[PDB]
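Take a look at the structure set out below.
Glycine also receives a Cβ, built like all others from the backbone with ideal geometry; neighbour counts cover every protein chain displayed. Read-outs throughout are calculated quantities, based only on the coordinates presented, and are distinct from any laboratory measurement.
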Amino acid sequence: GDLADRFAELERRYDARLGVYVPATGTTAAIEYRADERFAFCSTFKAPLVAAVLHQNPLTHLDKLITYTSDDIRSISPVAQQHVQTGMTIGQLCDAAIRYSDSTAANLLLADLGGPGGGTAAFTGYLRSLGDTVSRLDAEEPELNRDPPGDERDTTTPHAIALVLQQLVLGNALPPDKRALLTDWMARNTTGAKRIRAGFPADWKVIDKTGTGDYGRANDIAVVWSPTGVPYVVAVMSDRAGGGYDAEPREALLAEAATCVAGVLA
Ligand SMILES: *C(=O)/C=C/N[C@@H](C(=O)O)C(C)(C)S(=O)O
């Protein structure tokens, strides 16, 4: 059989472009499909963004209260838009940015990193520090979701983002306590039930961060644990750019790609 043929069939059936990377392990081959092609990050950047903030600061920094106004609310901020009066701590922002894809939380965390482009250069530099020379973040939320196809701004590749997530969750890019916090936030994500999680059987643990955007963009980056506790990183990226800027993102495409991946990792 050829798994690449089955990913090509998903592309045909969904009128989509699919990218997949599952890093090789001591026990498994890599899975790679369009893995070095660029795809918009969309909100998947929020996971390494939280890592960047954790990396740059002592854990006491999670208790720092960030204040902001209703004018700071960006598409879409399910948690921050209910705490304009109280503010939110850096830790609460990390929680919201990963678990609810909260865009104001991510923009405040970008600002916390500092520097030109409201933290986007800093974020890109953090990925460079992890050995990623391809990915780049150029815009804040929500504009980073809306670049036209072929524009390299705000893109990564499945290969790059998978190896970033590998280093962050399974590897030693972060000290183990900071790594635990990232992992726990991804483990309690609320936005991913219909994506990678939908493709892995219920006895596999799934932690993830989604992204969605223009041109039918739908992404999910996950770490999965088998029922025997063996971890894998699964990066699935998709768009439907042939359909135009308002092409519908298709979560099912990601669930079915994940099902094909689960099939070979079983
Ligand atoms: C992270 O993936 C954020 C995505 N945001 C977009 C989405 O499709 O959910 C919008 C449409 C909220 S943003 O206005 O592009």
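For every residue, the table says whether it meets (1) closer than 24 Å to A222 by Cα; (2) more than 12 Å from the ligand (Cβ to nearest atom); (3) surrounded by fewer than 17 Cβ atoms within 10 Å (Cβ to Cβ).
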position: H61; (1), (2), (3): no, yes, yes
position: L93; (1), (2), (3): yes, yes, no
position: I98; (1), (2), (3): yes, no, no
position: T104; (1), (2), (3): yes, no, no
position: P116; (1), (2), (3): no, yes, yes
position: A122; (1), (2), (3): yes, yes, no
position: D138; (1), (2), (3): yes, yes, no
**Item:** Matching option when the condition is surrounded by fewer than 24 Cβ atoms within 10 Å (Cβ to Cβ) and touching a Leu at 6+ places or on another chain (Cβ under 8 Å), among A235, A173
**Value:** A173
**Prompt:** Of all residues in the range 26-59, how many are touching a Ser or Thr at 6+ places or on another chain (Cβ under 7 Å), of a type outside the set (D, E, K, R) and more than 16 Å from the ligand (Cβ to nearest atom)?
**Reply:** 1
**Prompt:** For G171, are the conditions met, namely being more than 16 Å from the chain's Cα centre (by Cα), at positive phi and either more than 15 Å from the ligand (Cβ to nearest atom) or among the β-branched types (V, I, T) (or both)?
**Reply:** no
**Prompt:** Among the residues of the range 140-170, how many are touching a residue at least 24 places away in the same chain (Cβ under 8 Å), more than 17 Å from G19 (Cβ to Cβ) and surrounded by fewer than 22 Cβ atoms within 10 Å (Cβ to Cβ)?
**Reply:** 6
**Prompt:** Of (1) part of a loop (DSSP other than H, G, I, E, B); (2) touching a residue at least 60 places away in the same chain (Cβ under 8 Å), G242 satisfies all except one. Which?
**Reply:** (1)
**Request:** Assess whether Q85 counts as being more than 16 Å from the ligand (Cβ to nearest atom) and surrounded by fewer than 16 Cβ atoms within 10 Å (Cβ to Cβ).
**Result:** yes
**Asked** Taking the range 1-22 as the region of interest, how many residues are assigned to a loop (DSSP other than H, G, I, E, B) and closer than 25 Å to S101 by Cα?
**Response** 1
**Message:** Condition first: within 24 Å of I207 (Cα to Cα) and part of a loop (DSSP other than H, G, I, E, B). Now tell me which residues in the range 59-82 satisfy that.
**Reply:** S75, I76, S77, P78, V79
**Prompt:** So which residues in the range 206-258 are over 17 Å from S101 (Cβ atoms) and of a type in the set (D, E, K, R)?
**Reply:** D239, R240, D246, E248, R250, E256
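Here's the yes/no breakdown for (1) touching a strand residue (DSSP E or B) at 6+ places or on another chain (Cβ under 9 Å); (2) farther than 26 Å from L253 by Cβ:
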{"site": "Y21", "(1), (2)": "yes, no"}
{"site": "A40", "(1), (2)": "yes, no"}
{"site": "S43", "(1), (2)": "yes, no"}
{"site": "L49", "(1), (2)": "no, no"}
{"site": "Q82", "(1), (2)": "no, yes"}
{"site": "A105", "(1), (2)": "yes, yes"}
{"site": "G119", "(1), (2)": "no, yes"}
**Asked** Assuming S75 fulfils every condition listed in (1) within 16 Å of the ligand (Cβ to nearest atom); (2) under 18 Å from the mean Cα position of the chain (by Cα); (3) surrounded by 16 or more Cβ atoms within 10 Å (Cβ to Cβ) apart from one, which condition is it?
**Response** (3)
**Request:** Kindly establish whether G211 is buried (at least 21 other Cβ atoms within 10 Å of the Cβ), in contact (Cβ under 8 Å) with a residue 24 or more places away in the chain, under 12 Å from the mean Cα position of the chain (by Cα) and within 16 Å of the ligand (Cβ to nearest atom).
**Result:** yes
**Prompt:** Picking from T69, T86, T27, which residue would you name as being of a type outside the set (K, R), touching a residue at least 60 places away in the same chain (Cβ under 8 Å) and farther than 24 Å from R217 by Cβ?
**Reply:** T27
**Prompt:** Any idea how many residues of the range 219-252 are away from the ligand (no atom under 12 Å from the Cβ), under 14 Å from the mean Cα position of the chain (by Cα), over 14 Å from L170 (Cα atoms) and not small (G, A, S)?
**Reply:** 1
